[PDB]
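Peer 1: Sequence first, structure after; it's an experimental one.
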Amino acid sequence: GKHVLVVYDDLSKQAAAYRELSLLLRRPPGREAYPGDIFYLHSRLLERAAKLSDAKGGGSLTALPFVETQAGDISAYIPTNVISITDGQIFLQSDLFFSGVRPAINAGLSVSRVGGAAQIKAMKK
Amino acid sequence: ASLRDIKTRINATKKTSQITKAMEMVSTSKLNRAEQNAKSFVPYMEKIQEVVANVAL
């Protein structure tokens, strides 16, 4: 019945460690030398975060995974895998960071499929 | 950089180049008529100068 907030400081390093293990155990490598089930890893990790109905109690757990992009190339394998699993995305840009926007949230690209329903009545206006 | 970035950059530069070429063409066209308008106006000022160089007294 408690409420828990979980932050994974980086998932790219976890993916790299899994790649190392799979290559050492001699599993066949896919694109970028990753194993095939790298999506099944992150998906089954993230799917354990949810909100429980009153039948199971008012428990809730939210997750904030982190992904680091190389030179802003979002089309990379791990970023594209992670972006298609979570409910929303926040894009932070060094370009906005240096221009003077201290919290560098790119509002154009950042989305939230659960927004509105989460915000309070005053803020929704 | 990424292939998509480079290709999009190339296409943007291409479209800007084409628009600038069209602008050059229309500017030259407008010159083609401004020049003849100036030439046609020249004789009027020629006449006014001819008249002025008698009224001085």
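Peer 2: On my side now, so go ahead. Numbering: from 1, shown residues only, chains lettered A, B, ... in the order given.

Peer 1: tell me which parts of chain B are close to chain A?
Peer 2: Taking Cβ under 8 Å from any Cβ of the partner chain as the measure of proximity, chain B contacts chain A at B:1-2, B:4. All C-beta spots, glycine's among them, are computed from the backbone N, C-alpha and C.

Peer 1: quick check, nearest of those to chain A?
Peer 2: The shortest separation between chain A and any of these is 5.3 Å, and it belongs to residue B:2 (by Cβ to the nearest Cβ).

Peer 1: Which residue is the nearest non-sequential neighbour of the closest one?
Peer 2: Leaving aside its sequence neighbours, residue B:2 sits nearest to residue A:73 (Cβ to Cβ, 6 or more residues apart in numbering or on different chains; 5.3 Å).

Peer 1: Report the buried residues of stretch A:25-37.
Peer 2: Buried positions in stretch A:25-37, judged by neighbour count with 16 or more other Cβ atoms under 10 Å in any protein chain shown: A:34-35.

Peer 1: Pull the residues that contact it.
Peer 2: Contacts of stretch A:25-37 with the rest of the structure, by Cβ atoms under 8 Å, 6 or more residues apart in numbering or on different chains, involve A:15, A:18-19, A:22-23, A:38, A:77-78.

Peer 1: quick revisit: would you turn the residues of chain B next to chain A into a markdown table with neighbour count, distance to residue A:44 and secondary structure?
Peer 2: What follows is those, written out as a markdown table (neighbours: other Cβ atoms under 10 Å in any protein chain shown; distance: Cβ to Cβ, whole Å; DSSP: H, G, I helix; E, B strand; the rest coil):
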| residue | neighbour count | distance to residue A:44 | secondary structure |
| --- | --- | --- | --- |
| B:1 | 9 | 34 | coil |
| B:2 | 13 | 30 | coil |
| B:4 | 10 | 31 | helix |
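
Peer 1: quick one on the thing from earlier: quick check: phi and psi at the residue nearest to residue B:2.
Peer 2: Note on residue A:73: its backbone torsions stand at phi -80, psi 90 [degrees, to the nearest 10].

Peer 1: That one and residue B:4, how far apart?
Peer 2: From residue A:73 over to residue B:4 the distance is 9 Å, taken as Cβ to Cβ, to the nearest Å.

Peer 1: tell me which parts of chain A are close to chain B?
Peer 2: A:71, A:73, A:75.

Peer 1: distance of the second one from residue A:18?
Peer 2: According to Cβ to Cβ, residue A:73 and residue A:18 sit 21 Å apart.

Peer 1: between those two, who's got more neighbours?
Peer 2: When residue A:73 and residue A:18 are compared for neighbours, residue A:18 comes out ahead with 16 against 12, by other Cβ atoms under 10 Å in any protein chain shown.
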